[PDB]
Amino acid sequence: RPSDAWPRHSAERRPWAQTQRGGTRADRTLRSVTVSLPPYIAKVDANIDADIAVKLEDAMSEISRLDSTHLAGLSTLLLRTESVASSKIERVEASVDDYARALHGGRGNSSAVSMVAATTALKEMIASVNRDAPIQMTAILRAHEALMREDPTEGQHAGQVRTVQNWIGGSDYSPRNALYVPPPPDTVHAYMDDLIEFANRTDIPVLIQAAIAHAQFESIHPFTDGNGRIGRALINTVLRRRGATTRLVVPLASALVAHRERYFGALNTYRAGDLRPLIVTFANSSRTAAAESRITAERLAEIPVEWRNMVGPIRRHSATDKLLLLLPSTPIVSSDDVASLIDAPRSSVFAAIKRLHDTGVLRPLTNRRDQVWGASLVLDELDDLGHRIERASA
Ligand SMILES: Nc1ccn([C@@H]2O[C@H](COP(=O)(O)OP(=O)(O)O)[C@@H](O)[C@H]2O)c(=O)n1
């Protein structure tokens, strides 16, 4: 097979019947559906073009320099930036403060709860790998469980592969006019094993492996719901499993979210056996995400200096110094949390809070009582990174 060629998907005609009656008549009389059958890739090789190798290489240059930055706050921020962007791809959205409240346990905004869930699902899936530990099917199921646990009427089977026939697009009530039909459920176990073997290889360039592992995951589409968010989480798991990263996540979903149809497009093209758009999308996305994350690392470091110009003189060991010290790792803190977390009298801690509030370091996220506080510059860097990455995707 040529350069950037890949074994293409085949089709097969399966019987299909509506389990839940509704839709139009055409949905109800439909008796047959054409499923796509992805290749088995665990043993496949891919030779790819030079211009693409350079692009992958330039992405890895940035990914490597990002991962070698020695910093408080950075790792958590990047993880959350990726999760927020990955959720935005499935139109699960909320404001910065909605999300900050949800990170602290707030539950009134179900979108922000899901955004926090996708954050857990990525954090736990990456935690499981290259402690010489391979990518395991257990971590994928646990990540899906973490994401879909509190989901309404969708999290009924959180943590289990689908047992029914799904499809993407077309009719709401049948696979009529679907743009893609994943393989039948009785083949998902055979396919995930093949993928998990493929995702554990060490004889492929890391970005190519990540990129094809994602596309293949999306082609299998093993879950009833959530395949975008868990499938994208697998990208950074492969990065971490190969040592391509070690201490931080690459937030490429912020680049993907900026050109969504092109991303979905690379999945269609993968299925037809062309690797070039998938890998170019992955190389450009990773390059932009890592480059801007590096600038975010500088800016995060400039922030404490910014904070204390604002707050004025601070005594070298007061509460105000103790507090100002911890905020970079922990930018979302309640008054009772801070008082707990600082060795100092609980009412001189409550003074440092008021001082940081009055100087503009802290902003209130709750009225409540046990007021929850957010480091504004940290919360706004979270948001500025995402805009800068979307901007730099041309
Ligand atoms: N032509 C397309 C378009 C999207 N997709 C993937 O399907 C993901 C959506 O996941 P999903 O089908 O589980 O829907 P949700 O349950 O996450 O809302 C997208 O984020 C893409 O990765 C695909 O495989 N082929």
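The sequence shown maps to residues 2 to 71, 75 to 372, 374 to 399 in PDB author numbering. Positions of the beta carbon are idealized from the N, C-alpha and C atoms, including for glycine.
Going by the C-beta, is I93 closer than 7 Å to any heavy atom of ligand 1?
The residue labelled residue 93 in the question sits at position 89 within the sequence shown. Yes, since a heavy atom of ligand 1 falls inside the 7 Å radius drawn around the Cβ of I93.
Any heavy atom of ligand 1 closer than 7 Å to the Cβ of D155?
On the sequence shown, position 151 is the one that residue 155 refers to. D155 Cβ: outside cutoff for every heavy atom of ligand 1.
Could you tell me if the beta carbon of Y195 falls within a distance shorter than 7 Å of some heavy atom in ligand 1?
To locate residue 195, count along the sequence shown from 1; it is residue 191. Result no, Cβ not under 7 Å from ligand 1.
Are there 16 or more other CB atoms within 10 angstroms of the CB of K92, so buried, or fewer, so exposed?
As a working mapping, residue 92 is identified with position 88 in the sequence shown. By the neighbour-count rule (16 or more Cβ atoms within 10 Å), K92 is buried.
Starting from the N-terminal side, write out each stretch of the alpha helix (DSSP H) that is 4 residues or longer and does not extend beyond the stretch 14-45.
Here the runs fully enclosed are 26-30.
Whole-angstrom Cβ separation of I234 and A147, contact assumed at under 8 Å?
Within the sequence shown, residue 234 is the residue found at index 230, counting from 1. Within the sequence shown, residue 147 is the residue found at index 143, counting from 1. Sure, about 5 Å apart at Cβ, within 8 Å.
What are the uninterrupted segments assigned as alpha helix (DSSP H) that are 4 or more residues long and contained completely in the stretch 294-351, given in chain order?
Counting whole runs of 4 or more residues, the stretch 294-351 contains the alpha helix (DSSP H) stretches 323-330, 339-345.
Provide the residue(s) that pair with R367 in DSSP beta bridges, ordered along the chain.
Taking the first residue of the sequence shown as position 1, residue 367 is located at position 363. In the DSSP output, where bridge partners are listed per residue, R367 has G379.
Considering just the uninterrupted stretch of the alpha helix (DSSP H) at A237, what are its terminal residues?
As a working mapping, residue 237 is identified with position 233 in the sequence shown. Note, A237: alpha helix (DSSP H), 231-245.
DSSP three-state call for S132: helix, strand or coil?
Taking the first residue of the sequence shown as position 1, residue 132 is located at position 128. DSSP places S132 in coil when its eight states are reduced to three.
Is the CB-CB distance between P188 and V55 below 8 Å?
Translated into positions along the sequence shown, residue 188 becomes position 184. Translated into positions along the sequence shown, residue 55 becomes position 54. Not in contact: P188 and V55 (Cβ atoms no closer than 8 Å).
Taking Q160 as part of the alpha helix (DSSP H), name the residues at either end of that continuous run.
The residue labelled residue 160 in the question sits at position 156 within the sequence shown. Where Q160 is concerned, there is no enclosing alpha helix (DSSP H), given that its DSSP letter is neither H nor E.
As a quick exercise: from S132, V96, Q140, pick the residue whose alpha carbon is nearest that of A121.
Residue 121 sits at position 117 when you count from the first residue of the sequence shown. Ranking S132, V96, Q140 by Cα distance to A121 puts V96 first.
Quick check on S333: buried or exposed, where buried means 16 or more other Cβ atoms within 10 Å of its Cβ?
What you label residue 333 is simply residue 329 of the sequence shown in a count that begins at 1. Classification of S333: exposed, given that the 10 Å Cβ count is below 16.
What I want to know is whether the C-beta of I208 ends up closer than 7 Å to one or more non-hydrogen atoms of ligand 1.
Walking along the sequence shown from the start, residue 208 turns up at place 204. Flag unset: Cβ of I208 not near ligand 1.
Am I right that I200 and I139 are in contact with their C-beta atoms under 8 Å? What's the rounded C-beta distance?
Here residue 200 refers to the residue found at position 196 of the sequence shown. Here residue 139 refers to the residue found at position 135 of the sequence shown. The pair is a contact, with the Cβ atoms about 6 Å apart (cut-off 8 Å).
Report buried or exposed for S223, applying the criterion of at least 16 other Cβ atoms within 10 angstroms of its Cβ.
Here residue 223 refers to the residue found at position 219 of the sequence shown. Buried is the call here.
Can you look up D59 in the DSSP assignment and give me helix, strand or coil?
For the purposes of this step, residue 59 is taken as residue 58 along the sequence shown, with counting starting at 1. Note: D59 maps to helix in three-state DSSP.
Indicate, with yes or no, if ligand 1 has a heavy atom lying under 7 Å from the CB of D229.
Within the sequence shown, the letter at position 225 stands for residue 229. The answer is yes for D229.
Identify the continuous alpha helix (DSSP H) that holds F202 and give its terminal residues.
Residue 202 sits at position 198 when you count from the first residue of the sequence shown. 192-202 is the extent of the alpha helix (DSSP H) around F202.
Considering only residues of the same chain and omitting the five flanking positions on each side of residue 473, which have a CB-CB separation below 8 Å?
A question about residue 473 goes unanswered here, because the residues of the chain that appear run from 2 up to 399.
Could you give the distance in angstroms between the alpha-carbon of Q19 and the alpha-carbon of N181?
As a first step, residue 19 is located in the sequence shown; it is residue number 18 there, counting from the start. As a first step, residue 181 is located in the sequence shown; it is residue number 177 there, counting from the start. Straight-line Cα distance between these residues: approximately 15 Å.
With a threshold of 7 Å, establish whether the CB of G174 neighbours any heavy atom of ligand 1.
The sequence position of residue 174 within the sequence shown is 170, counting from 1. Result no, Cβ not under 7 Å from ligand 1.
Are there 16 or more other CB atoms within 10 angstroms of the CB of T300, so buried, or fewer, so exposed?
Taking the sequence shown and counting its residues from 1, one reaches residue 300 at position 296. Label assigned to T300: buried.
At which residues does the alpha helix (DSSP H) containing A143 begin and terminate?
Counting from one through the sequence shown, the residue named residue 143 turns up at place 139. It spans 141-152 - the alpha helix (DSSP H) in which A143 sits, taken as one unbroken run.
Would you say the stretch 289-305 touches the stretch 381-395, given that touching needs at least three Cβ pairs under 8 Å?
Touching, per the Cβ criterion.
By the 10 Å Cβ neighbour count, where 16 or more other Cβ atoms means buried, how is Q160 classified, buried or exposed?
Residue mapping note: residue 160 aligns to position 156 of the sequence shown, counting from 1. Looking at its Cβ environment, which holds fewer than 16 other Cβ atoms inside 10 Å, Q160 is exposed.
Excluding the 5 residues flanking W17 on each side, which residues of the same chain have their C-beta closer than 8 Å to its C-beta?
Mapped onto the sequence shown, residue 17 falls at position 16. Taken in chain order, the residues that qualify are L31, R32, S33, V34, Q169, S178, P179.
Look at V377 and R105 and say whether their C-beta atoms are less than 8 Å apart.
Here the question's residue 377 lines up with position 372 in the sequence shown. Here the question's residue 105 lines up with position 101 in the sequence shown. Yes.
Between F268 and ligand 1, is the CB less than 7 Å from at least one heavy atom?
Within the sequence shown, the letter at position 264 stands for residue 268. True, at least one ligand heavy atom lies under 7 Å from that Cβ.
Is any heavy atom in ligand 1 found nearer than 7 Å to the beta carbon of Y184?
The residue you call residue 184 lines up with position 180 of the sequence shown. Checking the Cβ of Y184 against ligand 1 gives yes.
Would you please state the rounded distance, in angstroms, between the beta carbons of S289 and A259? I believe it to be under 8 Å.
For the purposes of this step, residue 289 is taken as the residue at position 285 of the sequence shown. For the purposes of this step, residue 259 is taken as the residue at position 255 of the sequence shown. Indeed they touch by this definition, with Cβ atoms about 4 Å apart.
Look at the Cβ atom of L151, then the Cβ atom of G230, and state whether they are nearer than 8 Å.
Within the sequence shown, the letter at position 147 stands for residue 151. Within the sequence shown, the letter at position 226 stands for residue 230. Yes; because the gap between Cβ atoms is below 8 Å, this pair is in contact.
In three-state terms, what does DSSP make of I49?
As a working note, residue 49 is residue 48 in the sequence shown. If DSSP states are grouped into helix, strand and coil, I49 belongs with coil.
Any idea what DSSP makes of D278, helix, strand or coil?
In the sequence shown, the residue the question calls residue 278 occupies position 274. Correct three-state label for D278: strand.
Would you say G232 touches ligand 1, meaning its beta carbon is less than 7 Å from a heavy atom?
Translated into positions along the sequence shown, residue 232 becomes position 228. True, at least one ligand heavy atom lies under 7 Å from that Cβ.
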